[PDB]
Each structure stands twice: as C-alpha cells, then as structure tokens.
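Enquirer: Part one of the assembly, not moved from where it sits:
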Amino acid sequence: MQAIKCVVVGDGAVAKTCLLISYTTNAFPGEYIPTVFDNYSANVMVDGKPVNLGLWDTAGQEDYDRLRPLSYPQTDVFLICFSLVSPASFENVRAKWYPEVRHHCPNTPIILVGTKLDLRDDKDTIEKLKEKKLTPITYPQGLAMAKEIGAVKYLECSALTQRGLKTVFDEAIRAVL
C-alpha cells in the first residue's frame, strides 16, 4: 500500500480543475461537482496492487511561479497540459511551461496531455478559429511537439467525454510503477 505525489499545471483558460475533479469524482461527464479547493487526490488500483495518489493541482499564473517550486521536490511525475483548440496554450506551454518545468525537474517522467478533443473537432469553434486566425491544430503536430521534448508519453482526453481520460491517468500512474 503506497502513495504518489504528482503536479499538474496548464493554461488558466481551460481549468484542468474540471479534468481532475470529474475524474476522481467519477461522476457523469459534464456534470461534475465544482468545489472550493484545489489539490485533488485519488486512491486507485492500477495493476495488481492499489496505490494512493494526490495531485498538486496548482494555479498556473506566472506570478505563482514563486510558490510552485517549493513543492517541486519529490514530484513523482508531472502532468503538463494545454488545450488542443487553443494555439495560445501552445505558445504558453512551449515558451514558458515546457522550458522552465524542464529546467526545474529535468529528471522525472513527463507526459503532455491534450484537452478539448471534442472541441478540437467542433466545426463552429474551428470556423471561429479561422475567423480569428487561430489554427485548429491537430494531433500529429502535437505528437511532434512531444517528440520535440521526446516526452515519455503524450495523450489527449476530453472532459465532456472522459475519452481516454481513464487511459490518460492509466499511463499517468503506471509511468512511476
């Protein structure tokens, strides 16, 4: 019986909050309970032996970079995140998050994870992206960025779906184990 720390950060316009809270809540997609607290946890059996785990769900604004490294030690894995339908998120991660998180714990398995897979192929949304010159950037170049870091894994989920979301967390936990 054992436990595992992990952190999650991402762009503030997407609220990976919803991801983790819907996952651990296990409730219906798009029907999750919004809480008043961060830093969620899960006790899950992955393969054979059950393991507890808690996720440092942190605020992502840059001025909060001054509190986050205090919890950087003994982060068993990290979960860097974005939104597929947000090239702005792409800029954020590639330019700030990816670089400085790579700096901060350069030796710890890392998996980038998509978001809004459902929204990534929302035709009205993507036509808004074109009428705002945002690109509905797809998987393969996302995988290309994963190769850019050569991340130990990469995936996407979708909160309104929980698609792969279980699998997202599956590889997440089994990366340590």
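Expert: Received the coordinates, thanks. Numbering: from 1, shown residues only, chains lettered A, B, ... in the order given.
Enquirer: now do the same end-to-end measure for stretch A:102-111.
Expert: One end of stretch A:102-111 to the other measures 12 Å (CA to CA, to the nearest Å).
Enquirer: got the contact list for it?
Expert: Applying CB atoms under 8 Å, 6 or more residues apart in numbering, the external contacts of stretch A:102-111 come out as A:69, A:72, A:75-80, A:101, A:149, A:151-155, A:171-172, A:175-176. Backbone N, C-alpha and C define where each C-beta goes, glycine included.
Enquirer: what comes up buried for that stretch?
Expert: Residues A:105, A:108, A:110, A:111 are the ones in stretch A:102-111 that count as buried (16 or more other CB atoms under 10 Å).
Enquirer: Could you tell me the phi and psi values at the residue of chain A most remote from its centre?
Expert: The outermost residue of chain A relative to its centre, with distances by CA atoms, centre = their mean, is residue A:131 at 27.5 Å. Its backbone dihedrals place residue A:131 at phi -80, psi 0, with angles given as degrees, to the nearest 10.
Enquirer: Run through who's touching stretch A:22-34.
Expert: Under the contact criterion CB under 8 Å, 6+ apart, stretch A:22-34 has outside partners A:17-18, A:21, A:40-42, A:159-162, A:165-166, A:169.
Enquirer: Can you flag the buried ones in those residues?
Expert: So, of the contacts of stretch A:22-34, A:17, A:21, A:40, A:42, A:159, A:162, A:165, A:169 end up buried under the neighbour-count rule (16+ other CB under 10 Å).
Enquirer: can you give me the strands in chain A?
Expert: Using DSSP state E, the strands found in chain A span residues A:5-9, A:41-47, A:49-57, A:77-81, A:110-113, A:153-155.
Enquirer: what's the offset of the third one from the middle of its chain?
Expert: Between the mean C-alpha point of strand A:49-57 and the mean C-alpha point of its chain there is a distance of 15 Å (CA atoms, centre = their mean, to the nearest Å).
Enquirer: let's bring in chain B now:
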Amino acid sequence: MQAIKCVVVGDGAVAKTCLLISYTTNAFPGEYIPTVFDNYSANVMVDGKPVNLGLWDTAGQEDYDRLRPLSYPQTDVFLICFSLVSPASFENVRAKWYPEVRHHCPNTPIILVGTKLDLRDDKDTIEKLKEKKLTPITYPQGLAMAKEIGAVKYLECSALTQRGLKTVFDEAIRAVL
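Expert: With chain B now in place:
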C-alpha cells in the same frame, strides 16, 4: 495418579471392616455406621503425589478359600491382620491366614498388624482372657512371628482409638512405596 489393589483378611471375630470404614471415613471414634458391603477402596495420598487404592475385604469364614485366591492376583500389597487379645485368633492366623496366603501368591509385600491394642492392656479384658485362659500375648512374641515370616512391618493399634491406625495406613501405603 494410580490405584492399588489392597487385600486384608482376618478371623471372623474381629470385624476388620470397622478398621477400614472408620479409617477411610476419617470418622470420630465410634461415630460411623456399620455398612453392609465389603471390598472397599480409598483415595488418600502419603507424600508427594495423591495415590488411589482399592480395599479387598473378605469375611473370616474358611470355605471362601476357593474365591479369595482368585481375588489374590495382581494385588501389589496384601495385608494380613489379627487381634492381639485372642490367642485362639493367633493359632487361627498362623493356621489358615498366614499359610494359605503365603501359598497362593507367595510374592507380595506384606505386613501383619495387631488389633485392640487399647484393649490389649485393658485390665478387665486381660483378666477375662485369663479366667478364660487366653493370654493377652504381647509385643515380643508377636514380633517373633513377624520376624518368622519377615512381613515387612508388624504393627498393632485400635479402631476405637484410631491411634496409629492412621500410621497403620501410612506405612500400609508406603508398603507399595
């Protein structure tokens, strides 16, 4: 724990049964009831361990020398008894009691014991023996008879006093021991 065969015989004028019962009962002198049944038993230790035992009582008649020898076997201690206050009883014992027992099971530790020691030096009893020409025969020559057989002890006591009676049975049980 163990139980021991214990055989006693004696002439029909003495009532050794009174000895056995007023002993096993621990009773006050003369305060017991003459029962109806024979072949007693008791369960009282001597030292160290509690030893049980079984008391073979047979009456003083002569003919039952067909049944008493079949009652003899595997008795680890037979006990022979008389009454010091009757010479006729003395000739009776060395005539029947001592011999035939010596004959049937010639190998068993043995003690001869007197009786009515309180009556043995009773002036009225001794004078009545004299006026009936019976000798209140005393310790030295009863001792000689004991020596003659070498019965591993010789004793003499009373049941109305119970004096040495308890000693009689202490050494009667250490006879096994």
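Enquirer: Which stretches in chain A count as helices?
Expert: If you assign secondary structure with DSSP state H, the helices in chain A sit at A:16-25, A:87-92, A:98-104, A:117-120, A:123-130, A:139-149, A:165-176.
Enquirer: What separation is there between the residue farthest from the centre of chain A and residue A:125?
Expert: Counting by CB to CB, to the nearest Å, the gap from residue A:131 to residue A:125 is 11 Å.
Enquirer: Next up, the contacts around the most centrally placed residue in chain A.
Expert: If you average the C-alpha coordinates of chain A and look for the closest C-alpha using CA atoms, centre = their mean, you land on residue A:81, 3.5 Å from that point. With contacts defined as CB atoms under 8 Å, 6 or more residues apart in numbering or on different chains, the neighbours of residue A:81 are A:8, A:9, A:10, A:11, A:14, A:16, A:19, A:93, A:112, A:113, A:115.
Enquirer: Show me which of those residues are buried.
Expert: Buried by 16 or more other CB atoms under 10 Å in any protein chain shown: A:8, A:9, A:10, A:11, A:14, A:16, A:19, A:93, A:112, A:113, A:115, out of these.
Enquirer: Burial check on the nearest residue to the fourth one once chain neighbours are set aside, number of neighbours?
Expert: This points to residue A:11. Distance criterion CB to CB, 6 or more residues apart in numbering or on different chains; nearest residue to residue A:11, sequence neighbours excluded, is residue A:89 at 4.3 Å. One way to gauge burial is a neighbour count; for residue A:89, by other CB atoms under 10 Å in any protein chain shown, it gives 23.
Enquirer: Does residue A:89 touch residue A:13 like I think?
Expert: Yes - counting by CB atoms under 8 Å, residue A:89 touches residue A:13, with 7.4 Å between them.
Enquirer: Can you work out which residues contact both of those two?
Expert: Taking CB under 8 Å, 6+ apart as the contact definition, residue A:89 and residue A:13 share the neighbouring residues residue A:83.
Enquirer: tack on chain C:
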Amino acid sequence: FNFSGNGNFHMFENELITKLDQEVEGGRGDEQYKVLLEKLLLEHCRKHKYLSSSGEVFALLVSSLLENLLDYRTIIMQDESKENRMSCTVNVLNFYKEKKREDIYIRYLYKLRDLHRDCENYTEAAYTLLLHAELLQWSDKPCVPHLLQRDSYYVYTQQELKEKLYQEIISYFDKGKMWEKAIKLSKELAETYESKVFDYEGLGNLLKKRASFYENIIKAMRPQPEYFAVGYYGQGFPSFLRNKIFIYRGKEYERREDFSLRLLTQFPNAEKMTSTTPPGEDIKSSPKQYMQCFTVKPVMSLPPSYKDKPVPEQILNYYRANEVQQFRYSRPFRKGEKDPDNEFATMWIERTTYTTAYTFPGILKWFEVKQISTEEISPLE
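Expert: So that you can see how it sits with the rest, here is chain C on the chains above:
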C-alpha cells in the same frame, strides 16, 4: 379425492411438484406442455364438480412453476452468464419461498451456494448457506427429513447440523475478509456449546478463532467497493429488468465505466442513456433496451450502540461501506444567476434517495431499488 373426502390429495400434489421440478429443471419440458396441461385439467375439472376450482388453482401453482422453470432454462442457455443464472435462480428461490415448498427452496438454495462458491463470493456463499441455517433450530431432535442436506443423509441432530453450518459460514467469512459477522455468529456457536452441549473443546477452538478475528479486524485495512446504480429501460428486457433500477456492489477499485463496460458485455444492444439522472418516458415504452450507469453514494451506516463512544477508525470504516441500504446521488444544477467568476451562485443539489430492499453485502452482488426520492439543496446549505 374420494380419499380426500377423508383427508386430502395434498401429499399427491406435493411429490407431483417435487418430481415435476426435478424433470423440468433437468431439461426436458415444453411450454406448450404447460399450455396443454392447463387446458386438459381445466376441462376435466369442469367435468368435475366443486373441487374443480381447488384443483385448478393448484394447477395454477403448477403453471407458475412451469413458466418460471422454462424462463430459468431459457436464460441459462440463452445468455450463458453466471449472473443472469444467479438472478433467475434467486427468482426461483423466491417463488418457492412464497409457495412455501421449503425443501426444494433449500435445494436451489444449495444450488446458488454452488454458484457463488465457484465465483469466490465467499460473502454470498456464506449468506445463502446462512439463510439455510436459519430454518434449522437449536433443538436436539432431527425433526423433519426435508432439511437434511445433499452431502449425506442420516439423523443429524439438527443441533449438530446447525453446528456444521456455522463451521462453514465462519470459514467463508474468514476467507471472505469480513470478520464482524463472523464474530457475531461465533457468539451463538460458543453460547450454544457451553449451555446445551458443554463440548468445551469446541468452545476453545471457536473462541481461539474469534481472537484471530478481532486481531485481524483492528489490525489491517480493507478496500471499499464502489457502488453503481443501473436502470434498465426500453422494451426488450426480461420483464424483471425493463424500467427498474438496480444498485451494484462492484469491485473495490473499479471506476465507473469499467463497470459500464462489464455490463455492456453482459448485453447485446449496448446503448446507454445519457441524462444519467432522470429516466426517459418514451423509453418506458419504446423497444431497443436502454440503460445508464453512474456511481452513487453509499449512505453511512448507523452503528448501533456506537452513538457517541470513542470509536476507533477500523470500526467506522467498516460500517462506512457495508450494511448499507440508503444511497444518495448529488445533482449539480444551476438555479439563480450564473456569475462567471463563481460557480456557487446557482449550485442546487437534488440528491436522489436510494432505498433498496436489503443491505449489502448480501446473497447477491447487487439488488433492485425499492424506493427512490429526491431533494433540493441551497448553495447556502
């Protein structure tokens, strides 16, 4: 019936039921068979006077049997999943229990014992065997030859039989990692020893085991099963499923849609309702069987005699998940003005009450719900 003018034919119809059972469950009968049976007996009862109704309702009993038995077989060799088998054999246990032919009721009771015993549901094996043990008594007399088991057959002073039964039930809970009921039973077992039979050696070994139980309880820690609610809707279901709601004791660490997968496995027409909370009226009548899966909340027990005491943790955690018969499900719902900066301005929770028939764990890893209701919760609350 000429004899029943002095007595009854009830003995007759008893073994009639008995035999009839062993054959039909043995795999021979026909549905037209019962149709014709019914027909012919009805006609001949009409040929007869008054007793006609008596005999005919007895035949109604017979029918009821027959259709249920054939339904049993059609499921057994139509779906080929242990679990529908368990449901239907439970159905027959019920049906006989109402029909009070207690002996054959016991017979399938042992059948289901065999089932769960295969599937390591040590808990359910134990409970079922215990429903058997209940019928017996702590008297000495082996009274009636029905209750005797199918493992051997002689007197078995029912005292001794009950004693065996407890040996095995305790064994099950021991390996079933549920020692509380184990100790509960060990109480009666020791007490009956020391007060009726005085077999002290039994006392000794028994309470030795009881010490083992207390130690293993307060020592270790136990996983807790997730509880999922399932509601079968549509029109194609076996009648005992359409438009009912059931509640499930899944694995200890099975997340929701793993259970959803395992249930879809169970079924063709793997289509799910999506408004997970409410049913669908059109689906109450439409074919193309629907269902919906969602984890629910195991309402806390009410540990008796523990109302204020300085109770430790293991005690509370064990009562946390088991002996449960109430369930809630919290409903996020907007009611008010939807401010962007906050989610709390509208949050109204219509938690759904789930009152089922019995309490997990049970003889079955799931159960229906007997009664449901909702609530309404202010963001204040």
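Enquirer: The contacts of stretch A:22-34 again please, chain C included this time.
Expert: Contacts for stretch A:22-34 (CB under 8 Å, 6+ apart): A:17-18, A:21, A:40-42, A:159-162, A:165-166, A:169, C:226, C:255-256, C:276, C:294-295, C:330, C:332, C:343-344, C:347.
Enquirer: follow-up on the earlier one: can you give me every residue that contacts the residue farthest from the centre of chain A?
Expert: Per CB under 8 Å, 6+ apart, neighbours of residue A:131: none.
Enquirer: separation between it and residue A:124?
Expert: The span separating residue A:131 from residue A:124 equals 10 Å under the rule CB to CB.
Enquirer: Which residues are in contact with the residue in chain A that chain C sits nearest to?
Expert: Here chain A gets closest to chain C at one residue, residue A:45, 3.7 Å apart by CB to the nearest CB. Each residue near residue A:45 by CB under 8 Å, 6+ apart is listed here: A:51, C:223, C:252, C:253.
Enquirer: Those residues, buried ones only, as a ChimeraX selection?
Expert: Here is the ChimeraX command that selects the buried residues among those (16+ other CB under 10 Å):
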select /A:51 /C:253
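Enquirer: Which two of the contacts of residue A:45 have the greatest separation?
Expert: A:51 and C:252 (13.1 Å; CB to CB).
Enquirer: one step back: so which of the contacts of residue A:45 sit within strands?
Expert: Among these, DSSP E puts residue A:51 in strands.
Enquirer: Put together TSV for the contacts of residue A:45, with distance to residue C:374 on each row.
Expert: As requested, the contacts of residue A:45 are exported to TSV (distance: CB to CB, whole Å):
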residue	distance to residue C:374
A:51	36
C:223	30
C:252	29
C:253	29
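Enquirer: for the contacts of residue A:45, which one is nearest residue C:32?
Expert: Nearest to residue C:32 among the contacts of residue A:45 is residue C:252, at 47.6 Å by CB to CB.
Enquirer: From chain A, how far off is the closest one?
Expert: 7 Å (CB to the nearest CB, to the nearest Å).
Enquirer: And residue C:188, by the same measure?
Expert: Distance, residue C:188 to chain A, using CB to the nearest CB: 35 Å.
Enquirer: which element follows the helix or strand harbouring that residue toward the C-terminus?
Expert: Remark: residue C:188 resides in helix C:179-192, with elements defined by DSSP states H and E. Following the chain from helix C:179-192 toward its C-terminal end, the next helix or strand by DSSP H and E is helix C:200-219.
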